[PDB]
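S.K.: Sharing a structure with you now.
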Amino acid sequence: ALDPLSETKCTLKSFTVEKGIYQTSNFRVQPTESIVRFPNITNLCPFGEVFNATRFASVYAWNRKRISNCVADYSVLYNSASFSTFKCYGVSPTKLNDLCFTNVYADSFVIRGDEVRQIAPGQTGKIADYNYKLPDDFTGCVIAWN
Amino acid sequence: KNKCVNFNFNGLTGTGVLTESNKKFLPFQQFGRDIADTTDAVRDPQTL
Amino acid sequence: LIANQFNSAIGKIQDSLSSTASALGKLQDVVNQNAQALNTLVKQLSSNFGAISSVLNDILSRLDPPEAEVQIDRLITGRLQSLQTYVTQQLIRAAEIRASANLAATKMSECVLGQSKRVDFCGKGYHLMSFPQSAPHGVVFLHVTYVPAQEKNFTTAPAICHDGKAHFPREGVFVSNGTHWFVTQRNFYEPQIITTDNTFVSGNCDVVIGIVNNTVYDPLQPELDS
Amino acid sequence: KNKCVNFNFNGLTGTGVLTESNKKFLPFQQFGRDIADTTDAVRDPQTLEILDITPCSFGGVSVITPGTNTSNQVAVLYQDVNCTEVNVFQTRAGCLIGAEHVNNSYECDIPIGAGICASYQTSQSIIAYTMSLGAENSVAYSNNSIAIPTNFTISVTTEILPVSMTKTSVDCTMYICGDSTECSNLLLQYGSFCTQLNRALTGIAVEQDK
Amino acid sequence: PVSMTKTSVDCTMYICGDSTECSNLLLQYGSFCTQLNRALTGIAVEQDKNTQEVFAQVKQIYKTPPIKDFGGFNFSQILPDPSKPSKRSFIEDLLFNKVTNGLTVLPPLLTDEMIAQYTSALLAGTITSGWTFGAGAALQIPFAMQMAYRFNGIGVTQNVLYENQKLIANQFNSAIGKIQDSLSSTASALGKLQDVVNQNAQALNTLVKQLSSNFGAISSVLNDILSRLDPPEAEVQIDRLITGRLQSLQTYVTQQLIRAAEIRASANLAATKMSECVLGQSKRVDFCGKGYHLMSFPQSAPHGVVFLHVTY
Ligand SMILES: *[C@@H]1O[C@H](CO)[C@@H](O[C@@H]2O[C@H](CO)[C@@H](O)[C@H](O)[C@H]2NC(C)=O)[C@H](O)[C@H]1NC(C)=O
Ligand SMILES: *[C@@H]1O[C@H](CO)[C@@H](O[C@@H]2O[C@H](CO)[C@@H](O)[C@H](O)[C@H]2NC(C)=O)[C@H](O)[C@H]1NC(C)=O
Ligand SMILES: *[C@@H]1O[C@H](CO)[C@@H](O[C@@H]2O[C@H](CO)[C@@H](O)[C@H](O)[C@H]2NC(C)=O)[C@H](O)[C@H]1NC(C)=O
Ligand SMILES: *[C@@H]1O[C@H](CO)[C@@H](O[C@@H]2O[C@H](CO)[C@@H](O)[C@H](O)[C@H]2NC(C)=O)[C@H](O)[C@H]1NC(C)=O
Ligand SMILES: *[C@@H]1O[C@H](CO)[C@@H](O[C@@H]2O[C@H](CO)[C@@H](O)[C@H](O)[C@H]2NC(C)=O)[C@H](O)[C@H]1NC(C)=O
Ligand SMILES: *[C@@H]1O[C@H](CO)[C@@H](O)[C@H](O)[C@H]1NC(C)=O
Ligand SMILES: *[C@@H]1O[C@H](CO)[C@@H](O)[C@H](O)[C@H]1NC(C)=O
Ligand SMILES: *[C@@H]1O[C@H](CO)[C@@H](O)[C@H](O)[C@H]1NC(C)=O
Ligand SMILES: *[C@@H]1O[C@H](CO)[C@@H](O)[C@H](O)[C@H]1NC(C)=O
Ligand SMILES: *[C@@H]1O[C@H](CO)[C@@H](O)[C@H](O)[C@H]1NC(C)=O
Ligand SMILES: *[C@@H]1O[C@H](CO)[C@@H](O)[C@H](O)[C@H]1NC(C)=O
Ligand SMILES: *[C@@H]1O[C@H](CO)[C@@H](O)[C@H](O)[C@H]1NC(C)=O
């Protein structure tokens, strides 16, 4: 990296470069600034309404809440110590704060401990088959607590 | 504008030079694409 | 007449090329092929190859290293395979183009810089000359060729008999319009009186098949008599 | 039998047409095979009769058309099938639909296969025909007759030849891992592929100049 | 060799034969299927072009006259035999008799009967008109006088031919008889063609056999996997099978591309020989048989051409 002749020597793996023109590196301009633009919303998503609901629905008649037109601070969820299972597919929890989505569906229900494993992509069993099925290409998070 | 920048519009990330465009986007059209199915033009989320 | 025919022919080339584009198919084809191979290559970027997305920044911005690694490995495999395909196709196509270019060089040497005696190598005809003309990603040869046009039947014979000797033509053929025999060059009807300057003698008349009788004129005898 | 069916015999599945065979299995042999390890015959487990498996008829479907600049009327070729499975004409190439069969032979316009070409001709329609190799001619050969030209012509013919291609280059790194470090670091695990592809393309471009 | 077998392969049916899960996975690979089809179609069109370039070198279809007075030369063994169903000559019959899952074989655009007609036309032209039918209008000339020209073409005076006509004709007839004997006796003569055939045969056997492979999947059969595993795992197994079979198809297509390049080179050479050798008299040494070239006679053959080079 000292000088272009040295880049050439390193590319050819030799000390004795013969006359010619050699393609050595690739020039690429580096970005000067970081630009972040999001729509100017000030509205927390009503996650309390869903997680702090007094009574929940049965798995066969699982409730579905639509989330739209709001700012979702997912830290409030993934930094809480109240959840035993926080398993995110096709997304990493930390990254959620940095992402936008057209819609979010919060499907809430209650099951027993041993069936929690069935709420995951491509699972089998009573729940995954007859109650609530996730797609094989599911992109989201599953949160469960005792 | 007119600088090589690391931009993020609504999660759409990339690196490029942003310039005033002359494309006749329709009132509904959100961003545009090139023959290569790559993002070629955007609508600022804060400004139409 | 020859100059007029040549000018007319070049005019016809002008008209043909001005009118119909299809003439340059061999070139257009090449172009199209490479175009397709590139469109294909570029389109193969929009494919998932089993990953969660075909875009790399989306994966990088959505997953943690341990999982983005797997998704990017899928994409890398796919795109590297696509590049290898394109490069292999291009190597084979370049071999074909090299063959065409070697042929074009051989034509420019043997055809333009010379006069070729090889049949159909320098246009259908007897080759006279050829003129090169550049073109996008190729060359164009105008081959000027001599094509015999109006033909006549004649009775012929492989030799004749004068004094029990057999006369064969030196360069040409013996022909007959029905009454008199002549000898003419074989590519254009220019009959000449058969003489000893036009023929040579070999053996006698009892060997050749299809030999005929005629008189061979000796140019010396008139001069001696005069 | 004699229908395209999805069959399942004791272990094996497939799709084909089952027909009465004339094969002679040994009393213990269950299902027959081709040279290419392809199942060609079975034994029905309930009745000890042998069935040939013919794969369900398939093939390319080709569309014959003059230019849209000329006409919107087209013909269809179902390749290497019968006219049963689908103005219809059976040919060595397959089933041709929408083209008129003609006894007259012409120069080949649109090749179909096995000596059949098609074209758009006069009320105009598409026609198929056995293609004509050229005007048949006999030459007045005899042991004592020669034809000599008395005149001539100067022809100028055009011969076009491709010489060079487009000197394309691809940065394998930027193509695979566009402006990404994680991706590039993963790409490093594949060894010399990037360099080898660059080298091949550079070879091609230098060859083009040569 | 002039042409290959115009093979075509349906990538979809080859990889994912009549299977929806497999096909839906295959969609993720993009245009590989289309580009393989396109490459093979290129090859097949090239094959038709090869045959055209070699044999369709004559505008008119000449036929010989009923009288076979060719100054004592005998061409019965190479002119077409009217009695046979296919209008082929004795030697063409010998040559034709000396050669033996989504995959379709497209038929060639010219039938054996048309190839034989083209060769018959070339042969009749070369016999009745010499080299003039390559230049332009065919001009009759007695065959003996044609041979006198062909002798003048190699620096032997024409009297030699006329004075030794019976002897030369007898030598030529003897030589053609020897050709008959060689082809009836030894098959190895047609190796260059048989080889081609065998190669393509092998490339297809191989392709088909690659279906019986697992490529690291639980099974080589697709329905077994679909009927045995759950979707989340059947997808992985089918991806293994798809990768394997797609690689096998790419291998086969690449080999076919290279082999078609080889066949095209051979066909360009054959076309050059038919032009410079049949339609003319070549002065290039050893291009038209070992000797001083006198003339040459073409003869069709399975996927190729055969030249009888007459040399002094
Ligand atoms: C064959 O050619 C000869 C020579 O050209 C012709 O004989 C000449 O005929 C013209 C008139 O037609 C006379 O004026 C000359 O006196 C003749 N020349 C000689 C040397 O006798 C002959 O007529 C031609 N025959 C045919 C059938 O065309
Ligand atoms: C060509 O000319 C020679 C000489 O005039 C002919 O030979 C004569 O043939 C006749 C017929 O048999 C005999 O009567 C003579 O005795 C022969 N003369 C000599 C000197 O041998 C010959 O016949 C002529 N060709 C033709 C076809 O008539
Ligand atoms: C399977 O079962 C069927 C019926 O029990 C058998 O078919 C019978 O075969 C006998 C002997 O040829 C016939 O007389 C009967 O008419 C058949 N009955 C029917 C209903 O088809 C068959 O042979 C058995 N095969 C095996 C391998 O056990
Ligand atoms: C050779 O052919 C050329 C062209 O076919 C002839 O030239 C033509 O002559 C006729 C009548 O004299 C004219 O109507 C044309 O305009 C001429 N064409 C050209 C291009 O000049 C010529 O007459 C022929 N020569 C012989 C001896 O027949
Ligand atoms: C040209 O050669 C052929 C082949 O030798 C000759 O055909 C033979 O002719 C004899 C006599 O009629 C027959 O007995 C044979 O059966 C023929 N051979 C075959 C293989 O059929 C023919 O005679 C020769 N032509 C001439 C004019 O001599
Ligand atoms: C739900 O309730 C808990 C405890 O009452 C609280 O800590 C949490 O912030 C609530 N969730 C919201 C407000 O989204
Ligand atoms: C918010 O966005 C809207 C978009 O229509 C715009 O009119 C408004 O000026 C913005 N306000 C702020 C404070 O960004
Ligand atoms: C020569 O004569 C034959 C018949 O004798 C005839 O068919 C042919 O057309 C003639 N050729 C020319 C050039 O006149
Ligand atoms: C030429 O042919 C005729 C008619 O077949 C025949 O009578 C004559 O003997 C032959 N002559 C020669 C020299 O070939
Ligand atoms: C259709 O063909 C004619 C000649 O046959 C040509 O003049 C015309 O340009 C073509 N149409 C178009 C739209 O190019
Ligand atoms: C088409 O079908 C009929 C009856 O099924 C049959 O006789 C005929 O041979 C078939 N044609 C071909 C080319 O197989
Ligand atoms: C075409 O040929 C076939 C078979 O020879 C015959 O049945 C038919 O009548 C012919 N058609 C015409 C219009 O001559």
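Labels for the structure tokens follow display order: chains A, B, ..., residues from 1 in each chain, ligands from 1.
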List every residue of segment 3-144 of chain A that DSSP, applied to the backbone, labels as strand (DSSP E), and write the result as a list in words.
M.R.: residues 33, 34, 35, 36, 37, 63, 64, 65, 66, 67, 85, 86, 87, 88, 89, 104, 105, 106, 107, 108, 140, 141, 142, 143 and 144 of chain A
S.K.: Write out the residues from the selection above, keeping N, CA, C and O atoms, as an mmCIF file, in the first residue's frame.
M.R.:
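That gives us again30.cif:
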data_model
loop_
_atom_site.group_PDB
_atom_site.id
_atom_site.type_symbol
_atom_site.label_atom_id
_atom_site.label_comp_id
_atom_site.auth_asym_id
_atom_site.auth_seq_id
_atom_site.Cartn_x
_atom_site.Cartn_y
_atom_site.Cartn_z
ATOM 1 N N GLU A 33 -21.420 11.561 4.845
ATOM 2 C CA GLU A 33 -22.400 11.833 5.880
ATOM 3 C C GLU A 33 -23.326 10.636 5.987
ATOM 4 O O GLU A 33 -23.447 9.831 5.062
ATOM 5 N N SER A 34 -23.976 10.523 7.134
ATOM 6 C CA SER A 34 -25.044 9.558 7.322
ATOM 7 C C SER A 34 -26.357 10.321 7.331
ATOM 8 O O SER A 34 -26.527 11.270 8.103
ATOM 9 N N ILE A 35 -27.277 9.907 6.471
ATOM 10 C CA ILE A 35 -28.598 10.507 6.366
ATOM 11 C C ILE A 35 -29.611 9.496 6.864
ATOM 12 O O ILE A 35 -29.630 8.347 6.410
ATOM 13 N N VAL A 36 -30.447 9.926 7.798
ATOM 14 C CA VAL A 36 -31.547 9.126 8.301
ATOM 15 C C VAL A 36 -32.803 9.964 8.161
ATOM 16 O O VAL A 36 -32.874 11.074 8.700
ATOM 17 N N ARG A 37 -33.787 9.445 7.438
ATOM 18 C CA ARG A 37 -35.060 10.127 7.277
ATOM 19 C C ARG A 37 -36.160 9.139 7.630
ATOM 20 O O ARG A 37 -36.176 8.018 7.113
ATOM 21 N N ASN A 63 -56.831 -13.469 19.439
ATOM 22 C CA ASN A 63 -57.060 -12.088 19.046
ATOM 23 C C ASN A 63 -55.934 -11.596 18.150
ATOM 24 O O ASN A 63 -54.778 -12.000 18.287
ATOM 25 N N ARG A 64 -56.284 -10.691 17.241
ATOM 26 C CA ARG A 64 -55.327 -10.031 16.364
ATOM 27 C C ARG A 64 -55.478 -8.525 16.459
ATOM 28 O O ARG A 64 -56.554 -7.989 16.180
ATOM 29 N N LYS A 65 -54.404 -7.847 16.839
ATOM 30 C CA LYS A 65 -54.358 -6.395 16.874
ATOM 31 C C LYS A 65 -53.460 -5.894 15.756
ATOM 32 O O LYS A 65 -52.351 -6.400 15.568
ATOM 33 N N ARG A 66 -53.943 -4.892 15.032
ATOM 34 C CA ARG A 66 -53.195 -4.224 13.980
ATOM 35 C C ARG A 66 -52.500 -2.985 14.526
ATOM 36 O O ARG A 66 -53.113 -2.182 15.233
ATOM 37 N N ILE A 67 -51.225 -2.832 14.184
ATOM 38 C CA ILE A 67 -50.420 -1.686 14.585
ATOM 39 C C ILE A 67 -50.046 -0.898 13.340
ATOM 40 O O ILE A 67 -49.499 -1.461 12.386
ATOM 41 N N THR A 85 -39.482 -16.102 27.010
ATOM 42 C CA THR A 85 -39.128 -16.403 25.632
ATOM 43 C C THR A 85 -39.278 -15.122 24.827
ATOM 44 O O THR A 85 -40.349 -14.508 24.825
ATOM 45 N N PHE A 86 -38.201 -14.721 24.155
ATOM 46 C CA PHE A 86 -38.199 -13.603 23.208
ATOM 47 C C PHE A 86 -37.409 -14.076 21.995
ATOM 48 O O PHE A 86 -36.197 -13.870 21.910
ATOM 49 N N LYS A 87 -38.107 -14.701 21.056
ATOM 50 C CA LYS A 87 -37.486 -15.358 19.919
ATOM 51 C C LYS A 87 -37.956 -14.656 18.656
ATOM 52 O O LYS A 87 -39.156 -14.635 18.366
ATOM 53 N N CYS A 88 -37.014 -14.087 17.908
ATOM 54 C CA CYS A 88 -37.308 -13.275 16.735
ATOM 55 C C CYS A 88 -36.774 -13.971 15.495
ATOM 56 O O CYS A 88 -35.610 -14.380 15.462
ATOM 57 N N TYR A 89 -37.626 -14.115 14.486
ATOM 58 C CA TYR A 89 -37.274 -14.792 13.248
ATOM 59 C C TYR A 89 -37.180 -13.781 12.115
ATOM 60 O O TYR A 89 -38.029 -12.895 11.989
ATOM 61 N N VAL A 104 -48.003 -4.027 11.611
ATOM 62 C CA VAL A 104 -47.618 -5.033 12.583
ATOM 63 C C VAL A 104 -48.896 -5.683 13.079
ATOM 64 O O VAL A 104 -49.894 -4.997 13.321
ATOM 65 N N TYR A 105 -48.876 -7.001 13.220
ATOM 66 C CA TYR A 105 -50.019 -7.726 13.750
ATOM 67 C C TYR A 105 -49.562 -8.333 15.062
ATOM 68 O O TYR A 105 -48.622 -9.132 15.083
ATOM 69 N N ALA A 106 -50.223 -7.962 16.148
ATOM 70 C CA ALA A 106 -49.976 -8.559 17.453
ATOM 71 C C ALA A 106 -51.048 -9.607 17.706
ATOM 72 O O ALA A 106 -52.185 -9.278 18.046
ATOM 73 N N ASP A 107 -50.686 -10.870 17.546
ATOM 74 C CA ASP A 107 -51.604 -11.971 17.794
ATOM 75 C C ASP A 107 -51.360 -12.440 19.220
ATOM 76 O O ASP A 107 -50.287 -12.961 19.537
ATOM 77 N N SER A 108 -52.351 -12.240 20.075
ATOM 78 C CA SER A 108 -52.261 -12.542 21.492
ATOM 79 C C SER A 108 -53.157 -13.723 21.842
ATOM 80 O O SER A 108 -54.275 -13.840 21.331
ATOM 81 N N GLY A 140 -40.836 -12.179 12.286
ATOM 82 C CA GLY A 140 -41.259 -11.427 13.444
ATOM 83 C C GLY A 140 -40.772 -12.079 14.713
ATOM 84 O O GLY A 140 -39.911 -12.959 14.695
ATOM 85 N N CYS A 141 -41.341 -11.624 15.820
ATOM 86 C CA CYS A 141 -40.908 -11.999 17.152
ATOM 87 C C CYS A 141 -42.054 -12.731 17.832
ATOM 88 O O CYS A 141 -43.227 -12.436 17.591
ATOM 89 N N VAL A 142 -41.708 -13.688 18.684
ATOM 90 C CA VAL A 142 -42.666 -14.390 19.526
ATOM 91 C C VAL A 142 -42.245 -14.141 20.964
ATOM 92 O O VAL A 142 -41.119 -14.471 21.353
ATOM 93 N N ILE A 143 -43.150 -13.575 21.754
ATOM 94 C CA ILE A 143 -42.884 -13.226 23.142
ATOM 95 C C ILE A 143 -43.850 -13.994 24.029
ATOM 96 O O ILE A 143 -45.063 -13.980 23.793
ATOM 97 N N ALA A 144 -43.312 -14.640 25.062
ATOM 98 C CA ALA A 144 -44.096 -15.447 25.986
ATOM 99 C C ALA A 144 -43.570 -15.315 27.407
ATOM 100 O O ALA A 144 -42.357 -15.278 27.625
#
S.K.: Can you work out which residues are within 9 Å of ligand 4, considering only C-alpha atoms and all ligand atoms, and then hand them over as a ChimeraX atom specification?
M.R.: /C:1-6,8,149-150 /D:150-153
S.K.: Could you please select, counting only C-alpha atoms, the residues of chain C within 9 Å of chain A and state them as a list in words?
M.R.: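 Residues passing the distance filter: residues 52, 59, 61, 62, 63, 64 and 67 of chain C.
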S.K.: Would you put the residues from that selection into a file with N, CA, C and O atoms, as a CSV table (one decimal), in the first residue's frame?
M.R.:
chain,number,residue,atom,x,y,z
C,52,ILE,N,-33.5,-14.8,2.8
C,52,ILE,CA,-34.7,-14.1,3.3
C,52,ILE,C,-35.0,-12.9,2.4
C,52,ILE,O,-36.1,-12.4,2.3
C,59,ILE,N,-30.6,-7.6,4.7
C,59,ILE,CA,-30.2,-8.7,5.5
C,59,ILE,C,-29.3,-8.1,6.6
C,59,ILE,O,-29.4,-8.5,7.8
C,61,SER,N,-29.1,-5.2,7.8
C,61,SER,CA,-29.8,-4.3,8.7
C,61,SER,C,-30.8,-5.0,9.5
C,61,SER,O,-31.4,-4.4,10.4
C,62,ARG,N,-31.1,-6.2,9.2
C,62,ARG,CA,-32.2,-7.0,9.9
C,62,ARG,C,-31.7,-8.0,10.9
C,62,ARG,O,-32.3,-8.3,11.9
C,63,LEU,N,-30.6,-8.7,10.5
C,63,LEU,CA,-30.1,-9.8,11.3
C,63,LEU,C,-28.9,-9.5,12.1
C,63,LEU,O,-28.2,-8.5,11.8
C,64,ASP,N,-28.6,-10.3,13.1
C,64,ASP,CA,-27.3,-10.4,13.8
C,64,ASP,C,-26.3,-11.1,13.0
C,64,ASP,O,-26.6,-12.0,12.1
C,67,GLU,N,-26.6,-14.9,11.9
C,67,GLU,CA,-27.7,-15.3,11.0
C,67,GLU,C,-27.5,-14.6,9.7
C,67,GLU,O,-27.7,-15.2,8.6
S.K.: Collect all residues with atoms no farther than 6 Å from ligand 1, counting only C-alpha atoms and all ligand atoms, and output them as a list in words.
M.R.: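 Listed by chain and ascending number, the contacts are residues 177, 178, 179 and 180 of chain C.
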S.K.: How would you write, as a VMD selection string, the set of residues no farther than 8 Å from ligand 11 when counting only C-alpha atoms and all ligand atoms?
M.R.: chain D and resid 81 to 84 90 to 92 94
S.K.: Which residues are near ligand 8 in this structure, taking near to mean any atom at most 7 Å from a ligand atom and counting only C-alpha atoms and all ligand atoms? Format them as an MDAnalysis selection string.
M.R.: (chainID C and resid 151:153) or (chainID D and resid 140 147)
S.K.: Taking only C-alpha atoms and all ligand atoms into account, list the residues no farther than 8 Å from ligand 9, as a PyMOL selection string.
M.R.: (chain C and resi 209-211) or (chain D and resi 142-144) or (chain E and resi 67+69+71)
S.K.: What does the distance from atom CA of residue 49 of chain E to atom CA of residue 20 of chain C come to in Å, to one decimal?
M.R.: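 Those two atoms sit 22.1 Å apart.
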S.K.: Which residues come within 7 Å of residue 174 of chain C, counting only C-alpha atoms, excluding same-chain residues fewer than 3 positions away, as a ChimeraX atom specification?
M.R.: /C:156-158,169,181-184
S.K.: Could those residues be written to a file, using N, CA and C atoms, as a PDB file, in the first residue's frame?
M.R.:
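Output below, filename result_18.pdb:
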ATOM      1  N   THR C 156     -17.792 -30.174 -79.538  1.00  0.00           N
ATOM      2  CA  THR C 156     -16.409 -30.093 -79.115  1.00  0.00           C
ATOM      3  C   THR C 156     -15.690 -31.375 -79.496  1.00  0.00           C
ATOM      4  N   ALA C 157     -14.406 -31.422 -79.177  1.00  0.00           N
ATOM      5  CA  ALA C 157     -13.567 -32.576 -79.447  1.00  0.00           C
ATOM      6  C   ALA C 157     -12.248 -32.411 -78.716  1.00  0.00           C
ATOM      7  N   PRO C 158     -11.655 -33.495 -78.218  1.00  0.00           N
ATOM      8  CA  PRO C 158     -10.451 -33.353 -77.399  1.00  0.00           C
ATOM      9  C   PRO C 158      -9.188 -33.126 -78.194  1.00  0.00           C
ATOM     10  N   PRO C 169      -5.137 -28.431 -77.889  1.00  0.00           N
ATOM     11  CA  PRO C 169      -5.034 -26.980 -77.762  1.00  0.00           C
ATOM     12  C   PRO C 169      -4.040 -26.612 -76.680  1.00  0.00           C
ATOM     13  N   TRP C 181     -14.342 -25.643 -87.482  1.00  0.00           N
ATOM     14  CA  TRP C 181     -13.768 -25.805 -86.158  1.00  0.00           C
ATOM     15  C   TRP C 181     -12.945 -24.583 -85.790  1.00  0.00           C
ATOM     16  N   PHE C 182     -12.988 -24.234 -84.510  1.00  0.00           N
ATOM     17  CA  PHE C 182     -12.170 -23.182 -83.939  1.00  0.00           C
ATOM     18  C   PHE C 182     -11.577 -23.671 -82.633  1.00  0.00           C
ATOM     19  N   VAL C 183     -10.730 -22.840 -82.053  1.00  0.00           N
ATOM     20  CA  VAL C 183     -10.207 -23.065 -80.718  1.00  0.00           C
ATOM     21  C   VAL C 183     -10.410 -21.786 -79.931  1.00  0.00           C
ATOM     22  N   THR C 184     -10.884 -21.925 -78.702  1.00  0.00           N
ATOM     23  CA  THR C 184     -11.222 -20.762 -77.908  1.00  0.00           C
ATOM     24  C   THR C 184     -10.807 -20.994 -76.469  1.00  0.00           C
TER      25      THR C 184
END
S.K.: Could you pull out the residues sitting within 9 Å of ligand 12, using only C-alpha atoms and all ligand atoms, and write them as a PyMOL selection string?
M.R.: chain D and resi 101-104
S.K.: Output N, CA, C and O atoms of each residue in that selection to a file, as a PDB file, in the first residue's frame.
M.R.:
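File produced: out.pdb:
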ATOM      1  N   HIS D 101     -51.814 -27.213 -44.668  1.00  0.00           N
ATOM      2  CA  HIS D 101     -50.890 -28.095 -45.363  1.00  0.00           C
ATOM      3  C   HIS D 101     -51.014 -27.881 -46.861  1.00  0.00           C
ATOM      4  O   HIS D 101     -52.122 -27.823 -47.398  1.00  0.00           O
ATOM      5  N   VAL D 102     -49.878 -27.777 -47.537  1.00  0.00           N
ATOM      6  CA  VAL D 102     -49.830 -27.443 -48.951  1.00  0.00           C
ATOM      7  C   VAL D 102     -48.952 -28.450 -49.673  1.00  0.00           C
ATOM      8  O   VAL D 102     -47.909 -28.861 -49.153  1.00  0.00           O
ATOM      9  N   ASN D 103     -49.380 -28.863 -50.865  1.00  0.00           N
ATOM     10  CA  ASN D 103     -48.568 -29.759 -51.679  1.00  0.00           C
ATOM     11  C   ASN D 103     -47.406 -29.021 -52.330  1.00  0.00           C
ATOM     12  O   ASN D 103     -46.333 -29.602 -52.516  1.00  0.00           O
ATOM     13  N   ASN D 104     -47.608 -27.763 -52.703  1.00  0.00           N
ATOM     14  CA  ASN D 104     -46.555 -26.984 -53.335  1.00  0.00           C
ATOM     15  C   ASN D 104     -45.369 -26.805 -52.399  1.00  0.00           C
ATOM     16  O   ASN D 104     -45.532 -26.557 -51.203  1.00  0.00           O
TER      17      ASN D 104
END
S.K.: Enumerate as a list in words the residues belonging to chain D that approach chain A to within 12 Å, with only C-alpha atoms taken into account.
M.R.: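 Therefore, the residues near the partner are residues 169, 170, 171, 172, 173, 174, 178, 179, 195, 198, 199, 201, 202 and 206 of chain D.
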S.K.: Running DSSP on the backbone, which parts of segment 98-297 of chain E land in alpha helix (DSSP H), as a ChimeraX atom specification?
M.R.: /E:112-128,132-135,143-152,158-163,165-185,191-209,222-228,231-273
S.K.: If the cut-off is 9 Å, can you tell me the residues of chain A near chain E, counting only C-alpha atoms? I'd like them as JSON, numbers by chain.
M.R.: {"A": [121, 122, 123, 124, 136]}
